[PDB]
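As structure tokens, one chain now follows by itself in the form deposited in one PDB entry.
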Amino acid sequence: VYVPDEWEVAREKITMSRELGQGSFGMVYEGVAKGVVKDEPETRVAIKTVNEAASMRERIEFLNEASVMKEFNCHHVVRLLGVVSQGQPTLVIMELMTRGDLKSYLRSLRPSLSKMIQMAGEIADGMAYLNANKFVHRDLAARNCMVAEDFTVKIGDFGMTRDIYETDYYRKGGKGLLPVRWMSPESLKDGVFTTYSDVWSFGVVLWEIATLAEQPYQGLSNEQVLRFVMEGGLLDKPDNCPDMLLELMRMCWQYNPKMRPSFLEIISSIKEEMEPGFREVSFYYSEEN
């Protein structure tokens, strides 16, 4: 059961155009929304839809998982703008990230130390924010980080591990997809995700940044990755990777979860390298922190 509230948007206020790609729960479209942002008649938006064909259960979980974003207000986490819970299709309205996902962006360059570090700190800041709001992402990867008009990186789609719904197919136990090349040794073992395993994934994202989105554990099957990582195996250090990002990856990949830095500590160690602008928009320097 979902209860409509102030986040509800009338469908006539929405138009959709081009497909942006299939995320968790369904297709994302570019569109236009009326009356979603302060002091503008209309805003270009991203609209995620749940198919008409989808079960009522998926449709409800879609809305409930998205509704966690009603509490979020961070420059480095993609904002929820509204919801359409009445009629078909069920829609989630979000801040439009016009340069798409970070993985695809990285592939397209196939950056400098200053730009690599700014991305790092932006991602860590969005994550520090979420973790402080008691939220574990569980699917931090470059594919789930997003790039804004001005190249600011923000935290995106967390739904992939929470969407266990396929319309006419059912997996024996009822479990879901797991992002094994981004997961910590302890999460591979028991399937629980924590603040500390998010930090593990952050190191993988830095590695993805440093290799321009190479496939983690490039030469190994999924079964081989499970074994390798659970036995303390680690990703190769990228070519010409600045020492600072190498140092960060290594701290993020401590086998023992309690020995990894927090996100606030990661930012703390690289704050001298950030744009002056970061002090005004980040959660790190905010009153909240």
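Only residues modelled in both forms are compared. The numbering used is simple: start at 1 and walk along the sequence shown. Basically, rigid core = biggest C-alpha set you can superpose within 1.5 Å across the two forms.
Chemist: If you count the residues of the deposited sequence that sit between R110 and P111 but have no coordinates, do you get none, 1 to 3, 4 to 9, or 10 or more?
Modeler: Gap between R110 and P111: 10 or more residues without coordinates.
Chemist: So which stretch wins on mean C-alpha B-factor, 74-82 or 172-180?
Modeler: It is 172-180 that shows the higher mean C-alpha B-factor.
Chemist: Look up the CA B-factors in the entry and say which stretch, 197-205 or 161-169, has the higher mean.
Modeler: Going by the record's values, the stretch with the higher mean is 161-169.
Chemist: Just the C-alpha B-factor column, please: which of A46, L264, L220, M249 has the biggest number?
Modeler: So the option with the highest C-alpha B-factor is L220.
Chemist: Out of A66, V28, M259, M56, which one has a C-alpha B factor higher than all the others in the entry?
Modeler: Top of the list by C-alpha B-factor: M56.
Chemist: Going by what the PDB entry lists, where does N144 fall on CA B-factor within its chain: lowest, middle or highest third?
Modeler: Lowest third - that is where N144 ends up once the chain's C-alpha B-factors are sorted.
Chemist: What third of its chain, lowest, middle or highest, does the C-alpha temperature factor of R99 fall into?
Modeler: Its C-alpha B-factor, which the entry lists for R99, ranks in the lowest third among residues of this chain.
Chemist: Thinking about Cα B factors across the chain, which third does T15 belong to?
Modeler: Top third by C-alpha B-factor.
Chemist: Name the third of the chain's ranked CA B-factors that contains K134, choosing lowest, middle or highest.
Modeler: Middle third by C-alpha B-factor.
Chemist: Of the three thirds of its chain by CA temperature factor, lowest, middle or highest, which one includes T152?
Modeler: Tercile = lowest for this residue's CA B-factor.
Below, we refer to the form deposited in another entry, which is not included among the displayed structures.
Chemist: I want to make sure I read this right: if the two forms are fitted on their rigid core, which of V180, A132, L212, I164 has a C-alpha displacement of 2 angstroms or more between this form and the one not shown?
Modeler: So the only displaced C-alpha belongs to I164.
Chemist: Determine whether the C-alpha of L246 shifts by 2 Å or more between this form and the one not shown once the rigid core is superposed.
Modeler: Comparing the forms between this form and the one not shown, which are aligned on their rigid core, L246 does not shift its C-alpha by 2 Å or more.
Chemist: Tell me whether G277 is among the residues that move between this form and the one not shown (Cα shift of 2 angstroms or more, core superposed).
Modeler: For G277, whose C-alpha is compared between this form and the one not shown after core superposition, the shift is less than 2 Å.
Chemist: Examine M230 after superposing the rigid core and state whether its CA is displaced by 2 Å or more between this form and the one not shown.
Modeler: Shift at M230: below 2 Å after core fit.
Chemist: What happens to the Cα distance from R138 to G173 in the other form: does it get closer or farther than here, with a change of 3 angstroms or more?
Modeler: Compared with the form shown here, the C-alpha atoms of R138 and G173 sit closer together in the other form, by 3 Å or more.
Chemist: In the other form, do the Cα atoms of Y165 and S104 sit closer or farther apart than here, given a shift of 3 Å or more?
Modeler: Farther apart, by at least 3 Å.
Chemist: Once the rigid core is lined up, which stretches of 3 or more residues in a row have C-alphas that move 2 Å or more between this form and the one not shown?
Modeler: Those runs whose C-alphas all shift by 2 Å or more are 17-27, 56-58, 160-176.
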